[PDB]
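**Student:** this one's a deposited entry, sequence included:
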There are 2 protein chains.
Amino acid sequence: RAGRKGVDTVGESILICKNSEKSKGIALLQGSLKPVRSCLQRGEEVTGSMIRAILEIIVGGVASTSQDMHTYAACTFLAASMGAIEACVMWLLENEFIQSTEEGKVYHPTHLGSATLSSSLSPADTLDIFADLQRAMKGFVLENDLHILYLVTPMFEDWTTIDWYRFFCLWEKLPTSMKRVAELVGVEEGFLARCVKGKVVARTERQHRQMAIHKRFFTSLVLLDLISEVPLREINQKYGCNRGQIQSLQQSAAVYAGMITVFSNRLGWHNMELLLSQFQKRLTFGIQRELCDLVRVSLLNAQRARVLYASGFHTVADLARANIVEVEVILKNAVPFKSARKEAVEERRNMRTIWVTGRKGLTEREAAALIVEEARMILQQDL
Amino acid sequence: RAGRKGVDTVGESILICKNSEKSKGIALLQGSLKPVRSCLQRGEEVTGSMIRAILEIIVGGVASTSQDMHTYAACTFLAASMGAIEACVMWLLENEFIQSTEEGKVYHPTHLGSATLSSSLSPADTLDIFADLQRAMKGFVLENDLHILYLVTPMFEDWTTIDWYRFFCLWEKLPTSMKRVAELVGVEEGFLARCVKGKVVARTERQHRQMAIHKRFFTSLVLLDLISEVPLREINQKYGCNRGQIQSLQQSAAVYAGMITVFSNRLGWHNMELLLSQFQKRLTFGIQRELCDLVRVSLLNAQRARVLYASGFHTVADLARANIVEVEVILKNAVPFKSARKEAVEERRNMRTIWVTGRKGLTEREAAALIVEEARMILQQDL
Ligand SMILES: [K+]
Ligand SMILES: [K+]
């Protein structure tokens, strides 16, 4: 990124080092990129990338027989550099992903197969997800939205560094209704104590998904406050994570929530599907059910939707009838100031202070007129 | 109680009244006792006293036929003043208390019958107790002693006036292990809130044993601290009850615990019997399992047993080897003073400061020698 084309004569790069790390710095300047691996490499005859690859072609209906499988193996990048394929096919058979009809040896997708493909889910993750859902449908808590959120809470990657001492403090202060959900999932208070007392991550044993469970329940709490319209600064102080890690999490959970919804629909689990089908939109914007209609407008996010709701505008229909200058004023009240704000400067009438995507700078007035204009266009398309 | 025989010339009685309650006072001075009712009186064809009376003679084996029943009815105080009997017999039949073998119409006791008699329990109470035990054996908490105590916690009479606001404060501070026991029993947090917020006793509906449940769980908490050797003053401040109400409760629960143990033994419920059979002794003295051996000595109560345990004397065997003057000193340390106690007065060497039952005043020295003497006599009887 050193050197602007058409602007600079040269691009300069400086790597600051010490005498001790002097040799490692030179290694980088002379270093070159490593050769590209296939990521489908084989004491592991089976592998995730291959299992998914084989599942996609069989369920999709472009690979039926055993001859089609090895023909596919020829097209891979792994074979370009110049058994394992057969192992993945059996794996799909053992775990009810694929069917075999002896037309000798022809493979067809199951309901679980077609569901996994439509859900864009990884076959390795689908097994635990399928069990987790069946476990939840045997005993489910409906008095709050926490248990539902847990099912759509992603835990395939760490989104933040969790302070366990902070976690235990929230555990005790946690209401009884949410402790019931914790117990029902696997959250044991004993494991939480062995985390604060001693910084033993363990996780060496495969059976230590016990760690992931507590990380997942911690995350669901964050997502619970998030769709409860709890301020980002409160969530930051309460949990110990920045706004960057949160936004990356909600956009991840919004997508994941859609996956579990599709997965539940293709298996015929209507009751479970019915509950989940409202959280994709709520996780995206971080809102409650009431603001779901307002946030259809492009410029209206969580903060702008709430202040317009609390001012009499509950729906797009109510927002189309709106007086523009009234919308503008309500927007002006949602701004965050360090001092308890909420002189006359008439030189700020042209200040473009509202950002969009692929944006021209919008004034607070122009944005308001756009919100009312868009609301009317949507109101007509609703008929 | 006015007038000491052989001492006073007269006994004087004065009833202090106002002008408003003047007439009611005269009513007492001229009043006389009401005639004695039978307490087995009959829109109530069946009655508790009769059901129990009929059960006792059939199970005991002194009344078999229908002729024996009405012969018994003649001996009652109710018939002395000069149908319902037949109704009680059917009730015992409907609720598996008694058997009928058509030798036309001969009645025999069931296992449930013989158990109720041996337990000294009321047939009306036995039905709910029998259900409560069967409910507990389906899901039982063993990590603490609370759930076991609930089964031997008596609630046939009020032993104190419970402050519900205080109760809710202990509810929130209550650990998760004891909240699980509350939920498992029937303690709903919603009902606790409707007690503090509004002083609605209700209890007009028969189905409002929901009140008794919360009163019973409140009581079990008191009994839990009591056998955990928590000081009487702490229990007084924590719950809001005096030491008189507590002592009346523990002697009531000690007896009741023995009843439920016998009841469980006659039904063949060994596992349940095994757990309960240790709480009669602990409820009596208000001690933990360790002091169970020491309290066999007559003079050793909860307080004296603990200070002797913490000083090296764990058993009667260890207490028989004891040096008398050492026991005396340990006893002197258990005394409660307002100031942080624990001059030389050698005039208190004859002060009788220890009370017994059917008592001569005992000195702290004489009592110690009695404790060691009794311990030796018990140690020999143990062989
Ligand atoms: K929007
Ligand atoms: K004793």
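**Tutor:** Alright, I've got the coordinates. Numbering: from 1, shown residues only, chains lettered A, B, ... in the order given. Ligands and ions are numbered 1, 2, ... in the order given.

**Student:** check which residues of the host helix or strand of residue A:28 are buried.
**Tutor:** Taking DSSP states H and E as the criterion, residue A:28 maps to helix A:22-30. Neighbour counts over helix A:22-30 (16 or more other Cβ atoms under 10 Å in any protein chain shown) mark no residue as buried. To be clear about C-beta, it is placed using only N, CA and C from the backbone, and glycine gets the same treatment.

**Student:** pull the residues that contact that helix.
**Tutor:** Applying Cβ atoms under 8 Å, 6 or more residues apart in numbering or on different chains, the contact partners of helix A:22-30 are A:15, A:17.

**Student:** what about that helix, distance to the chain center?
**Tutor:** With Cα atoms, centre = their mean, to the nearest Å as the basis, helix A:22-30 stands 38 Å off its chain's centre.

**Student:** can you check stretch A:304-319 too?
**Tutor:** Its chain's C-alpha centre and that of stretch A:304-319 lie 28 Å apart, by Cα atoms, centre = their mean.

**Student:** now do the strands in chain A.
**Tutor:** Listed in chain order, the strands of chain A (DSSP state E) span A:98-101, A:106-109.

**Student:** between those strands, which one is closest to residue B:89.
**Tutor:** Nearest of the strands of chain A to residue B:89, taken as Cβ to Cβ: strand A:98-101 at 67.4 Å.

**Student:** buried sites along the closest one?
**Tutor:** Buried residues in strand A:98-101 (16+ other Cβ under 10 Å): residue A:98.

**Student:** over to stretch A:357-364?
**Tutor:** For stretch A:357-364, a neighbour-count test (16+ other Cβ under 10 Å) marks A:362, A:363, A:364 as buried.

**Student:** ditto for stretch A:206-226
**Tutor:** A:213-226.

**Student:** residues touching that stretch, excluding its own?
**Tutor:** With Cβ under 8 Å, 6+ apart as the criterion, stretch A:206-226 contacts A:128, A:144-146, A:149-150, A:153-155, A:158-159, A:162, A:167, A:170, A:178, A:182, A:185-188, A:191-192, A:195, A:201-203, A:234-235, A:238-239, A:241, A:246, A:249-250, A:253, A:283, A:286.

**Student:** now with 6 Å?
**Tutor:** A:146, A:149-150, A:153, A:155, A:162, A:167, A:182, A:186-187, A:202-203, A:235, A:239, A:253, A:286 (Cβ atoms under 6 Å, 6 or more residues apart in numbering or on different chains).

**Student:** distance from the chain centre to it, please.
**Tutor:** With Cα atoms, centre = their mean as the basis, stretch A:206-226 stands 14 Å off its chain's centre.

**Student:** now do the lengthiest helix in chain A: everything it contacts.
**Tutor:** The helix that spans the most residues within chain A, counting by DSSP state H, is helix A:243-266. Helix A:243-266 has contacts (Cβ under 6 Å, 6+ apart) with A:115, A:118-121, A:152, A:154, A:159-160, A:223, A:232, A:272-273, A:276-277, A:279-280, A:283-284.

**Student:** name the residues of it that are buried.
**Tutor:** In terms of neighbour count (16+ other Cβ under 10 Å), helix A:243-266 has its buried residues at A:245-246, A:249-250, A:252-254, A:256-266.

**Student:** please apply the same query to stretch A:153-161.
**Tutor:** A:153, A:154, A:155, A:159, A:160.

**Student:** quick one: end-to-end length of that stretch, please.
**Tutor:** Stretch A:153-161 has its terminal residues 16 Å apart, counting by Cα to Cα, to the nearest Å.

**Student:** neighbours around residue A:340, how many?
**Tutor:** Residues near residue A:340, counting by other Cβ atoms under 10 Å in any protein chain shown, number 5.

**Student:** actually, residue A:300.
**Tutor:** 24.

**Student:** now do the contacts for it.
**Tutor:** Contacts of residue A:300 (Cβ under 6 Å, 6+ apart): residue A:294.

**Student:** pull up the gap between it and chain B, please.
**Tutor:** For residue A:300, the distance to chain B equals 38 Å [Cβ to the nearest Cβ, to the nearest Å].

**Student:** ditto for residue A:320
**Tutor:** In this structure, residue A:320 lies at 43 Å from chain B, with Cβ to the nearest Cβ as the measure.

**Student:** closest to the centroid, which residue in chain A?
**Tutor:** Among the residues of chain A, residue A:252 comes closest to the average C-alpha position under Cα atoms, centre = their mean, at 1.0 Å.

**Student:** from residue A:241, how far out is that one?
**Tutor:** From residue A:252 across to residue A:241, the span is 14 Å (Cβ to Cβ, to the nearest Å).

**Student:** related to what we said a few turns ago, quick check, nearest of the buried residues of stretch A:153-161 to chain B?
**Tutor:** Of all the buried residues of stretch A:153-161, chain B sits closest to residue A:153, with 22.1 Å by Cβ to the nearest Cβ.

**Student:** for that closest one, which non-adjacent residue is closest in space?
**Tutor:** For residue A:153, ignoring the flanking residues on the chain, the nearest one in space by Cβ to Cβ, 6 or more residues apart in numbering or on different chains is residue A:220 at 4.5 Å.

**Student:** got it, and residue A:342?
**Tutor:** In this structure, residue A:342 finds its nearest non-sequential neighbour in residue A:333, 5.2 Å apart by Cβ to Cβ, 6+ apart.

**Student:** equivalent analysis for residue A:147, please.
**Tutor:** residue A:141 is the one closest to residue A:147 (Cβ to Cβ, 6+ apart), at 4.3 Å.

**Student:** do the same with residue A:148
**Tutor:** residue A:275 (5.4 Å).

**Student:** so who does residue A:292 touch?
**Tutor:** Neighbouring residues of residue A:292 by Cβ under 6 Å, 6+ apart: residue A:281.

**Student:** try 10 Å this time
**Tutor:** By Cβ atoms under 10 Å, 6 or more residues apart in numbering or on different chains, residue A:292 lies in contact with A:278, A:281, A:282, A:285, A:305.

**Student:** please apply the same query to residue A:96.
**Tutor:** Residues near residue A:96 by Cβ under 10 Å, 6+ apart: A:110, A:111, A:112, A:113, A:127, A:130.

**Student:** so the third one touches residue A:93, yeah?
**Tutor:** No. Counting by Cβ atoms under 10 Å, residue A:112 sits too far from residue A:93 to count as a contact (11.8 Å).

**Student:** those two: which has the busier surroundings?
**Tutor:** Per other Cβ under 10 Å, whichever of residue A:112 and residue A:93 has more neighbours is residue A:112, with 20 against 14.

**Student:** for the stretch 101-250 of chain A, what lies in contact range of chain B?
**Tutor:** Counting by Cβ under 10 Å from any Cβ of the partner chain, the residues of the stretch 101-250 of chain A close to chain B are A:171, A:172, A:173, A:174, A:175, A:176, A:177, A:179, A:180, A:182, A:183, A:189.

**Student:** please list only the buried members of those.
**Tutor:** Among those, those classed as buried by neighbour count (16+ other Cβ under 10 Å) are A:171, A:179, A:180, A:182.

**Student:** can you give me the neighbour number for the nearest residue to the third one once chain neighbours are set aside?
**Tutor:** Read it as residue A:180. Nearest non-adjacent residue to residue A:180, counting by Cβ to Cβ, 6+ apart: residue A:141, 6.2 Å away. Residues lying near residue A:141 (other Cβ under 10 Å) number 17.

**Student:** so residue A:141 sits right up against residue A:184, yeah?
**Tutor:** Yes. Contact criterion Cβ under 10 Å: residue A:141 and residue A:184 qualify, at 6.6 Å.

**Student:** now the common contact residues for these two.
**Tutor:** A:147, A:150.

**Student:** now do the contacts for the residue nearest to residue A:148.
**Tutor:** Here residue A:275 is in contact with A:140, A:142, A:145, A:147, A:148, A:151, A:261, A:264 (Cβ under 10 Å, 6+ apart).

**Student:** and it, how close does it get to residue A:381?
**Tutor:** Counting by Cβ to Cβ, the gap from residue A:275 to residue A:381 is 28 Å.
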